[PDB]
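Participant: In this note's numbering, the protein residues as written are 73 to 331.
Dumping the structure here so I can ask a few things about it.
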Amino acid sequence: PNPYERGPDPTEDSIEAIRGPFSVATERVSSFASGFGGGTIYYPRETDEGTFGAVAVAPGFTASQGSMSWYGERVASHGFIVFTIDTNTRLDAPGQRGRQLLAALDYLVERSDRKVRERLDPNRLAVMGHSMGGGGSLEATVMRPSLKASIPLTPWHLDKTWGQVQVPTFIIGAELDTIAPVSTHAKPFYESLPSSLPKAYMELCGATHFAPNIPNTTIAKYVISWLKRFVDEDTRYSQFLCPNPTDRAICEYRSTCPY
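See the structure below:
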């Protein structure tokens, strides 16, 4: 009865694999908005089950080490349109990253190629971002409360409370991060999200600030599960999120389970 369910019933193995059940095509976009640079749209090829929600993925550094490219195929292969935002354009504030994320989403809705547009449900959009781009994910959910999910990855932001966020938010912290230390960024952000919000915090054992920028099974499996649970309202993925995951790669997990 869920019109948004895509793909077969998941298993732990299936969410830990290097790719999901959908094959993936790409559309390169040189500029999705003036001043914001370009990116690559990854989208599922199989259309039999209907249209898909979309997630824009922002970096936080003008440096190749800050690439967010790998989320494109990894997440799209589970049934999402994924817009990875290039690192080339330099942005120095989280608010700018929030606007960049929304500009990328608006491009998907209003100006993307027909092969993308015909696969898109414009009512089901999400944001994800690294570092200041993770601060931007937070910002975007206050700027656009209609978003369905937000995933700040090792987020950096000078503003420490997020009491206006009404979008289900999953914050991933890195235990040994000294650039956006979890004690002064990720954890204060999580604790200040409304107590009634569906939310979670996952801390990666031994990880540093750039852990999100390379393929990582633990990040991917829970990113996929969060997007399924909230972009698709797919409760087949609740089993992975509640009760709190206990993977060896995880050194702390907090949540408002049950969702």
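Backbone N, C-alpha and C define an ideal beta-carbon position, used for all residues, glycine too.
Give every residue of the same chain whose Cβ lies closer than 7 Å to the Cβ of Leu197, excluding the five residues on either side of it in the sequence, and list them in chain order.
Facilitator: Closer than 7 Å at Cβ, skipping near neighbours: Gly125, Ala126, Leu177, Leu219, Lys220.
Participant: Excluding the 5 residues preceding and the 5 following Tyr179 in the sequence, name in chain order all residues of the same chain whose CB lies nearer than 6 Å to its CB.
Facilitator: Closer than 6 Å at the Cβ level, and outside the excluded window around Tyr179, lie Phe104.
Participant: Assign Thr256 to buried or exposed, taking buried as 16 or more other Cβ atoms, counted over all protein chains shown, within 10 Å of its Cβ.
Facilitator: When all chains shown are included, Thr256 counts as exposed.
Participant: Does the stretch 308–328 come within contact of the stretch 275–285, defined as at least 3 CB pairs closer than 8 Å?
Facilitator: Contact between the stretch 308–328 and the stretch 275–285 is present, because at least three Cβ pairs lie under 8 Å.
Participant: Measure the CB-CB distance between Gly138 and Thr156 and report whether it falls below 8 Å.
Facilitator: Not in contact: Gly138 and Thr156 (Cβ atoms no closer than 8 Å).
Participant: Quick one: is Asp164 buried, meaning 16 or more other Cβ sit within 10 Å of its Cβ, or exposed?
Facilitator: Classification of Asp164: exposed, given that the 10 Å Cβ count is below 16.
Participant: Quick check: the stretch 247–256 against the stretch 301–308, are at least 3 beta-carbon pairs closer than 8 Å?
Facilitator: Contact fails: fewer than three Cβ-Cβ distances are below 8 Å.
Participant: Using CA coordinates, which residue listed in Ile223, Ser268, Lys232, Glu121 is at the minimum distance from residue 332?
Facilitator: This structure cannot speak to residue 332, because the chain is shown only from 73 to 331.
Participant: Can you grab the Cα-Cα spacing for the pair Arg183 / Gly107, in whole Å?
Facilitator: Cα to Cα, the separation comes out at about 16 Å.
Participant: Output the distance between the C-alpha atoms of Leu248 and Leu230, rounded to the nearest integer angstrom.
Facilitator: If you take the alpha carbons of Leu248 and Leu230, they lie about 19 Å apart.
Participant: Taking its Cβ as the centre, do 16 or more other Cβ atoms sit within 10 Å of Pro82, making it buried, or is it exposed?
Facilitator: Flag for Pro82 reads buried.
Participant: Below 8 Å on the Cβ atoms is my guess for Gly144 versus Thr112; work out the distance and round it to an integer in Å.
Facilitator: With a Cβ gap of about 6 Å, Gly144 and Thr112 count as contacting.
Participant: How would you label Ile244, buried or exposed, when you count the other beta carbons within 10 angstroms and need 16 or more for buried?
Facilitator: Result: buried.
Participant: So is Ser86 in contact with chain C if we call contact Cβ pairs under 8 Å?
Facilitator: Absent here is chain C; the protein component of the structure consists of one chain.
Participant: Look at the alpha carbon of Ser86 and the alpha carbon of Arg308, and state the distance between them as a whole number of angstroms.
Facilitator: Taking the straight line joining both Cα atoms gives about 13 Å.
Participant: With which residues is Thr213 paired in a DSSP beta bridge?
Facilitator: None, per the DSSP bridge assignment.
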